[PDB]
Amino acid sequence: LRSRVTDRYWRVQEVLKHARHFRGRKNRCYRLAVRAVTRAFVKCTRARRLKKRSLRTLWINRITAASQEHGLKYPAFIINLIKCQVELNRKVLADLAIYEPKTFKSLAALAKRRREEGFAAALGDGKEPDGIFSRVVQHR
Amino acid sequence: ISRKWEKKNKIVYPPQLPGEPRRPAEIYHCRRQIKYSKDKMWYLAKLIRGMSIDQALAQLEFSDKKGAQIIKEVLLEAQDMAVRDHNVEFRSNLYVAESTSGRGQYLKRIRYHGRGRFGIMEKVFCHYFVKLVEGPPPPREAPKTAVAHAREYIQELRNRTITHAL
Amino acid sequence: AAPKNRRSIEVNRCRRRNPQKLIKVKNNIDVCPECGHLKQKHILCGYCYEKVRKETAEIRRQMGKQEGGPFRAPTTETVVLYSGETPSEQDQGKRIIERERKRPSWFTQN
RNA sequence: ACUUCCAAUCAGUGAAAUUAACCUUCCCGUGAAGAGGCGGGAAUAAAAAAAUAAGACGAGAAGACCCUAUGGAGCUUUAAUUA
RNA sequence: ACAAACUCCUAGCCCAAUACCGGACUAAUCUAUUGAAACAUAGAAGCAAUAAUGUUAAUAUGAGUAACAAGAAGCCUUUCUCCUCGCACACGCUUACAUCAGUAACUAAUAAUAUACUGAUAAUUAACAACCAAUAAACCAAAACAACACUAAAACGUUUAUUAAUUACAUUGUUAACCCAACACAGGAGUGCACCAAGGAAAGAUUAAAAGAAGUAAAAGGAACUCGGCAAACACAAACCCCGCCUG
RNA sequence: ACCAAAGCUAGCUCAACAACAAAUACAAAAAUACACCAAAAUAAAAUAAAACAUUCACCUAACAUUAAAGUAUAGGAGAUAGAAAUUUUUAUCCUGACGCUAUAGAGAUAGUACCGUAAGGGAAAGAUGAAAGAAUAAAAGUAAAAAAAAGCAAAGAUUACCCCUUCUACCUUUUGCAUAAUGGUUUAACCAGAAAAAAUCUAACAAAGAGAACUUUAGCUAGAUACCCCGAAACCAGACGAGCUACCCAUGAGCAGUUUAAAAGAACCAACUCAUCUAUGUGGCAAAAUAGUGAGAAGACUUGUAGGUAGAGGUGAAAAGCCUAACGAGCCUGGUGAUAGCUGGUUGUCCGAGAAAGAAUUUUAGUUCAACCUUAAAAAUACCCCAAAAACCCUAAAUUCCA
Ligand SMILES: [Mg+2]
Ligand SMILES: [Mg+2]
Ligand SMILES: [Mg+2]
Ligand SMILES: [Mg+2]
Ligand SMILES: [Mg+2]
Ligand SMILES: [Mg+2]
Ligand SMILES: [Mg+2]
Ligand SMILES: [Mg+2]
Ligand SMILES: [Mg+2]
Ligand SMILES: [Mg+2]
Ligand SMILES: [Mg+2]
Ligand SMILES: [Mg+2]
Ligand SMILES: [Mg+2]
Ligand SMILES: [Mg+2]
Ligand SMILES: [Mg+2]
Ligand SMILES: [Mg+2]
Ligand SMILES: [Mg+2]
Ligand SMILES: [Mg+2]
Ligand SMILES: [Mg+2]
Ligand SMILES: [Mg+2]
Ligand SMILES: [Mg+2]
Ligand SMILES: [Mg+2]
Ligand SMILES: [Mg+2]
Ligand SMILES: [Mg+2]
Ligand SMILES: [Mg+2]
Ligand SMILES: [Mg+2]
Ligand SMILES: [Mg+2]
Ligand SMILES: [Mg+2]
Ligand SMILES: [Mg+2]
Ligand SMILES: [Mg+2]
Ligand SMILES: [Mg+2]
Ligand SMILES: [Mg+2]
Ligand SMILES: [Mg+2]
Ligand SMILES: [Mg+2]
Ligand SMILES: [Mg+2]
Ligand SMILES: [Mg+2]
Ligand SMILES: [Mg+2]
Ligand SMILES: [Mg+2]
Ligand SMILES: [Mg+2]
Ligand SMILES: [Mg+2]
Ligand SMILES: [Mg+2]
Ligand SMILES: [Mg+2]
Ligand SMILES: [Mg+2]
Ligand SMILES: [Mg+2]
Ligand SMILES: [Mg+2]
Ligand SMILES: [Mg+2]
Ligand SMILES: [Mg+2]
Ligand SMILES: [Mg+2]
Ligand SMILES: [Mg+2]
Ligand SMILES: [Mg+2]
Ligand SMILES: [Mg+2]
Ligand SMILES: [Mg+2]
Ligand SMILES: [Mg+2]
Ligand SMILES: [Mg+2]
Ligand SMILES: [Mg+2]
Ligand SMILES: [Mg+2]
Ligand SMILES: [Mg+2]
Ligand SMILES: [Mg+2]
Ligand SMILES: [Mg+2]
Ligand SMILES: [Mg+2]
Ligand SMILES: [Mg+2]
Ligand SMILES: [Mg+2]
Ligand SMILES: [Mg+2]
Ligand SMILES: [Mg+2]
Ligand SMILES: [Mg+2]
Ligand SMILES: [Mg+2]
Ligand SMILES: [Mg+2]
Ligand SMILES: [Mg+2]
Ligand SMILES: [Mg+2]
Ligand SMILES: [Mg+2]
Ligand SMILES: [Mg+2]
Ligand SMILES: [Mg+2]
Ligand SMILES: [Mg+2]
Ligand SMILES: [Mg+2]
Ligand SMILES: [Mg+2]
Ligand SMILES: [Mg+2]
Ligand SMILES: [Zn+2]
């Protein structure tokens, strides 16, 4: 009972589906296609991992620029926003930086205020005064 | 073998509704198994494209290549069928729409070398295809002006988005 | 030296479709006022030169008949005649070739 | 110096080894220890035709050298078994 | 501050891997029953190629690159311009030869046209050449322009006798441009007469780069070159060694 | 749009059953004249024994089938080889196919073309229809439709092709490969894991089980689970080869001139023969040539036709030369799927768990044992581990052993 593979056409089609937009001979010849397609998928999955650090880099830059406009550097801005107990994404923060410049300058004013409060608190060398923005709320 | 091109003359259209644009005559013609090579034939085919049939005949006539006499006869045949078998008023009204070479079937032979070595020598044949259309030759495209470029560039600067930003 | 790699069709299209390897369009083509065929500006008309050539061939045949052998050639000037023509005194004393065709319009009497 | 065959341009006919894919730069480092592909820098419209051979550890022959198979063979005798 | 596969967070089908070893499914065939258009349970196997300097077929690249050919003019076979392996037979090839016709494409390494492609028709005629008796007996005495010799001691038959069907005309070879080298090969090929009386064309068209091949000439110098006076010369001669004695 | 692509038939596998007439062995295809006929001597080796000498099934014969039995025996008592006594078997009829469809199946449309002097090798291909007494556009390669700074050619993406940013082709092979290690132009079709002793798993019946012979202290019987592909140089038997070349045996044929008393292995120099030296040529004009230049040129000279010697051999003015474009031993067909501890290859997806060298070895390119490990099972303690304890002169980090 001799058997041959009749459906070889669709087997090839399934790997050429992905190969159509490649340059040169990879979009035709089944060898070249197979290899370039495996390459393509591997870089696909690595890109999934990268694109999270890329987007986060982008965000940090935009936050840095927005912060620079108001004369405050990136680390200062972020730390002080945190020490005020305001937890905001860098995604949400960069979006505020572009599409709501007013609110964002409000934030930068807040952070700057909180920081000067910090310098004054630590240089003052006494334990008593709580700057109005230095109090810490425990939730109920 | 595949014969298709020849059959493109066998299409019969539905009659004309009143006052529409008159669809200009298309004539197809080919010549199969010319003793010329495909690559040389290509240059002749490339030369006459878009020309009016009279200019094409003029060029071909004085050209040196042995393909010239061939493509010439083919254009004359095409013209004769254009006026006779189809109906075309004013036989100089034709221009060349599409001109092209395909490879025909090839002959195989031995080519002796030396020290008893042989190469495999392929006798070359090719087909010549031409499509003629009745009407004055389409206008040749003018090189982009500075007023064009500046328009592209502005249209691009103005197509930007703030990315990943919403 | 043996080529290190097969070239892609891209590279080949670049090389052999170059504007230099394309056949140039000859701009000096005109029509000949007589037969209205095509000719190049600096070259004689092909179709005209044909009928000239044929007639020269035939007149050379008849003047080959008027000569007896290979080495025997006339010392007189020659003048060719056509049906209905009789020699002028300027042209007499010369060898005469007589022809059936009435004198062709492009060939003058002089 | 000059002639002739090649030669280069036009017209016919038309092979060969070779070739993972190539969208096929230079420098200095690095690295399976000598990089067009890595790192840090440089330089850089796009294609032809003509040349020169520095590189592609260039192309040709599963190195004739060397060593290793409980691989072969030819030659010589006090190798060992012997018609 | 920025920085991971680490750790949180929101959801899950819930945690890497070469040799070897376990599991779950399934592509394509065929056979049992179903199924009706692609079928689902079983049973079976020539049961699944991106890799063997894999095998066959076909296509590219190198590449329209390397390389190939036809002396001039005319009235179309007539003159010219040049170079010289020519005609027979033997062997061997087998119709490639002859006439008329056709060549789009096949053969020619291109064309023109055709001794070499295709079709039809014909053809070399025997006195030359092949085939073509035996047995007895005499005969020591070279060919060599052959007188006579030489050493190396020389191929070849006449005549006498005994019988030999006896009787027109047997049968067979008769073309060629040819054969052996894969080729319509710068090569290999015996003999008799020839040096032309016979055979043939070294250039498809240009342009006049380099580098290559072949040839010619060169001021003064004449081996200073280089392993070597190799190659080349308006030279062509002398001498000395080593090794073999010598021709082979 | 070209080039191409598709059919189902020709026939095959495997198995049952059981046109004369003439002409020919003259140099086959030639009617015809004196002879002769006719003949026979063990199979060898490749290979197993991890070498190799004794030994190595099958290869000739028939004897079959179920057993006795892989038992008695025979063996460098190694590798392996291997009976018989004695037992079993019902008739024919009843043919087909979980066999191939044109790279398959015969080598086959054929032993033909073609390749070889010769023995011998040995192909490729066919596809419309009732009727031709009717005329799908899907592989690679190309065309429609040259190409614009940048870089394994993609990916993340973007309004946007690029431009940005991130990435050392793939196999094989190794301690380690982007390697400048091997392999591949590309497409299509072909192209490589076979065994049932022991075991596990699922069932039958059970002190028994098997449709005969056997095995049985839970066993027996049945099913299912298993172990590749391509490569030498070689060696042995029998054929075919001396139209090349080596040497002979027949029978023929050449050698002009010039010099010399001379045909004297004397001079000079042609035809003819060789092959010195240089340059071209190197897939050539040529699987050894062409141009110049050279040696010999009445002799151990060249050359024609026809015989002869054949591989454990022939022939050799020995070069280990030559014996038909590869001779330290010809070519062909068998043995022959020779044998390769050595390269090179080995085809679907997805999950579990996962290895680094202690011994011996003609062994160190390999095997076979231990240790680690994987898959099943049965159990009880396992690592960690405080005192206490382990040598005598000096002797650190630390081990061993245990609640
Ligand atoms: Mg089948
Ligand atoms: Mg994550
Ligand atoms: Mg080709
Ligand atoms: Mg050319
Ligand atoms: Mg580039
Ligand atoms: Mg280093
Ligand atoms: Mg470097
Ligand atoms: Mg060139
Ligand atoms: Mg170079
Ligand atoms: Mg490289
Ligand atoms: Mg080198
Ligand atoms: Mg090697
Ligand atoms: Mg050895
Ligand atoms: Mg050995
Ligand atoms: Mg982070
Ligand atoms: Mg795992
Ligand atoms: Mg298979
Ligand atoms: Mg395949
Ligand atoms: Mg190779
Ligand atoms: Mg392959
Ligand atoms: Mg090509
Ligand atoms: Mg080139
Ligand atoms: Mg050339
Ligand atoms: Mg010529
Ligand atoms: Mg003869
Ligand atoms: Mg031709
Ligand atoms: Mg004869
Ligand atoms: Mg004869
Ligand atoms: Mg004759
Ligand atoms: Mg040859
Ligand atoms: Mg020429
Ligand atoms: Mg020059
Ligand atoms: Mg010179
Ligand atoms: Mg000179
Ligand atoms: Mg001088
Ligand atoms: Mg000197
Ligand atoms: Mg010097
Ligand atoms: Mg010296
Ligand atoms: Mg010299
Ligand atoms: Mg000395
Ligand atoms: Mg000597
Ligand atoms: Mg001599
Ligand atoms: Mg052995
Ligand atoms: Mg073995
Ligand atoms: Mg051995
Ligand atoms: Mg045996
Ligand atoms: Mg077949
Ligand atoms: Mg033959
Ligand atoms: Mg295609
Ligand atoms: Mg880029
Ligand atoms: Mg690396
Ligand atoms: Mg490999
Ligand atoms: Mg290594
Ligand atoms: Mg390296
Ligand atoms: Mg290498
Ligand atoms: Mg290697
Ligand atoms: Mg390679
Ligand atoms: Mg068992
Ligand atoms: Mg049990
Ligand atoms: Mg032996
Ligand atoms: Mg052996
Ligand atoms: Mg003989
Ligand atoms: Mg002989
Ligand atoms: Mg003489
Ligand atoms: Mg002499
Ligand atoms: Mg010379
Ligand atoms: Mg001499
Ligand atoms: Mg001498
Ligand atoms: Mg001798
Ligand atoms: Mg010796
Ligand atoms: Mg020796
Ligand atoms: Mg040989
Ligand atoms: Mg094997
Ligand atoms: Mg031992
Ligand atoms: Mg080993
Ligand atoms: Mg314990
Ligand atoms: Zn005119």
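- Looking at the header, the entry is titled "Structure of the large subunit of the mammalian mitoribosome, part 1 of 2".
- Here is the UniProt Function (unreviewed entry) comment for chain C, exactly as written: "Component of the mitochondrial large ribosomal subunit (mt-LSU). The mitochondrial ribosome (mitoribosome) is a large ribonucleoprotein complex responsible for the synthesis of proteins inside mitochondria."
- Under the heading Sequence similarities (unreviewed entry), UniProt records this for chain C: "Belongs to the bacterial ribosomal protein bL32 family."

Let's talk about the overall build of chain C
- If you tally the helices and strands in chain C, you get two helices and four strands.
- Taken against the 2.2 N^0.38 rule, which gives 13 Å for 110 residues, the C-alpha radius of gyration of chain C at 27 Å runs more than 25% over that of a compact globule.
- The dimensions of chain C, computed from C-alpha atoms along their principal axes, are 80 × 40 × 20 Å.
- A buried classification covers 17% of the 110 residues belonging to chain C.

Let's talk about the sheet that holds strand 2 (residues 94-103) of chain B
Residue and element names in this part refer to chain B.
- Here three strands make up an open sheet; going across it, the order is 1-5-2 and the pairing antiparallel. Strands at the two margins of the open sheet, each flanked by one partner only, are strand 1 (26-34) and strand 2. Ignoring strand direction, the axes of neighbouring strands in this sheet form an average angle of 15°.
- Pairing of strand 2 with strand 5 (residues 126-134) involves nine bridges; the strand directions are antiparallel. Within strand 5, the position partnered with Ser-99 by the bridge is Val-130.

Points about the interface of chain B and chain C
- Counting residues at the interface gives nine residues for chain B, matched by eleven residues for chain C.
- Between chain B and chain C the total buried area reaches about 1,100 Å² when both faces are included, carbon and sulfur atoms providing 68% of it.
- On the chain B side of the interface with chain C, the three residues burying the most area are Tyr43(B), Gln59(B) and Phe62(B), jointly 53% of the side's total.
- Where chain B touches chain C, the interface holds zero salt bridges.
- For the pair chain B and chain C, the number of links is three residue pairs in polar contact.
- Contributing elements (two or more residues each) for the side of chain B that touches chain C: helix 1 (38-47) and helix 2 (53-62) of chain B.
- Taken together, the residues of the side of chain B that touches chain C break down into six nonpolar, two polar and one charged.

Regarding the packing of aromatic side chains
- Tallying each qualifying case throughout the model produces six aromatic pairs over all chains.
- Ring plane angle 75° and centroid distance 5.0 Å describe the contact between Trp42(B) and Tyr43(B), whose orientation is recorded as edge-to-face. Accessibility assignment for this pair places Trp42(B) and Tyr43(B) in one class, buried.
- Between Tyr82(C) and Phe107(C), the ring centres sit 5.6 Å apart and the planes meet at 75°, which makes this aromatic pair edge-to-face. With a gap of 25 residues between them, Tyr82(C) in the loop between strand 3 (78-81) and strand 4 (95-98) and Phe107(C) in the segment after strand 4 connect regions that are remote in the sequence.

Regarding the layout of surface pockets
All names here are of chain B.
- There is about 710 Å³ of room inside the largest pocket.
- Lining the largest pocket are 19 residues; nearest its centre among them are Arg-23, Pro-24, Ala-25, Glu-26 and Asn-87.
- Among the residues forming the lining of the largest pocket, the class breakdown is nine nonpolar, four polar and six charged.

Overview of the protein's contact with RNA strand D
- Neighbouring RNA strand D are 31 residues, the closest being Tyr36(B), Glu122(B), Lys4(C), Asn18(C) and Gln20(C).
- Sugar and phosphate atoms form 73% of the subset of RNA strand D atoms that lie within 4 Å of the protein.
- Within the side chain of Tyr36(B), a nitrogen or oxygen atom sits 2.6 Å from a phosphate oxygen of RNA strand D.
- Interatomic distance of 3.5 Å between a backbone N/O atom of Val124(B) and a phosphate oxygen of RNA strand D.

With respect to a nonpolar patch on the surface
- A grouping of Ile43(C), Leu44(C), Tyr49(C), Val52(C), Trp106(C) and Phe107(C) is seen on the molecular surface, where their side chains present a nonpolar patch of about 560 Å² in accessible area.
- For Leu44(C), the location among the structural elements is in the loop between strand 2 (38-40) and helix 2 (46-65).

What counts, and where the lines are drawn
Residues numbered from 1 in each chain as written, not as in the entry; some residues may be left out. Chains lettered and ligands numbered in written order. Part of a larger assembly, values for the part shown. Heavy atoms only, no water. UniProt positions renumbered as here; feature names shortened; annotations may be inferred. Helix = DSSP H or I, 4+ residues; strand = E, 2+ residues; numbered from the N terminus. Rg over C-alpha atoms; globule rule 2.2 N^0.38 Å. Buried < 20%, exposed > 50% of the residue type's maximum accessible area, 1.4 Å probe, protein only. Pairing = 2+ DSSP bridges. Axes fitted to C-alpha atoms, helices over the stretch in contact; angles between N-to-C directions. Contact = heavy atoms within 4.5 Å. Buried area = accessible area lost by both parts, 1.4 Å probe. Salt bridge = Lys/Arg side-chain N within 4 Å of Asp/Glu carboxyl O. Polar contact = N/O pair within 3.5 Å; in protein donor to acceptor, adjacent residues only side chain to side chain. Nonpolar A, V, L, I, M, F, W, Y, C, P; charged D, E, K, R; others polar. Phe/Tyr/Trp six-rings, centres within 6.5 Å; stacked < 30°, edge-to-face > 60°. 1 Å grid on protein atoms, 1.4 Å probe; cavity = no way out; pocket = protein on both sides within 12 Å on 5 of 7 lines; lining within 4 Å. Points joined across faces, edges and corners; volume = space filled by probe spheres on them. Near = heavy atom within 4 Å. Patch = residues over 30% accessible without salt bridge, like charges linked within 9 Å, V, L, I, M, F, W, Y side chains within 5 Å. Areas by Shrake-Rupley, 256 points an atom, 1.4 Å probe, with all protein chains shown as cover.

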